[PDB]
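Cβ placement follows ideal geometry from the backbone for every residue including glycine, while neighbour counts extend to all protein chains displayed. Each reported figure results from applying straightforward, stated rules to the coordinates on display, with no laboratory input.
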């Protein structure tokens, strides 16, 4: 499947694509304001994620650090990034269907639109100013808005026992972005697309 990753933000981001134990395509790339990066993702890919990283410094070998979304200091991510990270999530060709969503379960750093470029389903978006409105306790110094599990590490925020309810913190994310997962047991905002659809992820879709 084809994913075009587009940076409409006014600042540089470093895109990342991983299924957690391996890169997807090249795994990561710098995107200046306006730049588009097209990747190919193997059919049948399960648990793939795409996210942006901000304020990165890398050397010639592709090692360095980012203030949000860092994946063990690599330009080309093999694993998932350090929160806060707005997440585009997908599972492809699962019994004839693709499943996509946006998640705030690992916090928020960059606004995002996740849309198909082929027919048959709708896109999803979280483009509110969550960083600007972020509750004091959830603000990450490096930038972004942490989820409450990341910050407080309780069974209730992290849904460790598989039983947990909405919280004052999850409701903040849900209020600003209804179409994204706000906590683990959130009522699913997953979109079902035809198997083998193609997609576009746009950072800063409105501004």
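Pull out a ≥ b ≥ c, the square roots of the eigenvalues of the alpha-carbon gyration tensor of region 117-190, then state rounded if a/c is under 1.5, prolate if not and a/b is larger than b/c, and oblate in the remaining case. Verdict is oblate for region 117-190.
Length available on full extension from residue 40 to residue 11: 0.36 nm per residue minus the Cα-Cα distance, which gives 8.0 nm.
Going from the fewest other Cβ atoms within 10 Å to the most, the residues 201, 124, 184 appear in the order 184, 124, 201. Each Cα pair under 8 Å and six or more residues apart adds its sequence gap; the mean of these over the residue count of region 29-97 is a relative contact order of 33 percent. GNM on the chain, alpha-carbon springs under 10 angstrom: the most fluctuating residue among 119, 53, 76 is 119.
Each Cα pair under 8 Å and six or more residues apart adds its separation to the average, and for the chain the resulting relative contact order is 23 percent.
Label separation (residue 136 vs residue 97): 4.5 nm, computed from points 7 Å beyond Cα along the C-beta direction.
Here is the tail figure for the chain: Cα pairs spaced more than 24 Å apart come to 37 percent of all pairs. Just 31, 176, 87 to compare: in a GNM of the chain, with alpha carbon springs under 10 Å, which one fluctuates most? The residue that fluctuates most here is 176.
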